[PDB]
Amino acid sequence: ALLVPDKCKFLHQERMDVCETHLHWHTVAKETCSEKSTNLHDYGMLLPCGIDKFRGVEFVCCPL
């Protein structure tokens, strides 16, 4: 479980049809925080579908 601090927002994204890399998900997360002028505070991999493969990510974006 992730603590959500200092008025940051919690976001999850999950696609049954998708089994992708950590590298993929870290970018998605980072591009989503970035897109709203907020930083990626940290993240977590959802549903292992293989070595370095997952179907989702949860993450925390904080205000600049």
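Superpose the two forms; the largest set of C-alphas matching within 1.5 Å is the rigid core. Don't overthink the numbering: it's just position in the shown sequence, from 1.
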More shifted region, core-based fit in 5 other deposited structures of this protein, 38 to 46 vs 12 to 20 by CA
12 to 20
Taking RMS over all structures and residues, which stretch has CA atoms farther from the shown form in 5 other deposited structures of this protein, 21 to 29 or 51 to 59, after a rigid core fit?
51 to 59
With B-factors read from the PDB entry, the higher C-alpha mean of 48 to 56 and 9 to 17 is in 9 to 17
Chain thirds of CA B-factor: placement of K30:
middle
When the modelled residues of the chain are sorted by Cα temperature factor, does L3 land in the lowest, middle or highest third?
middle
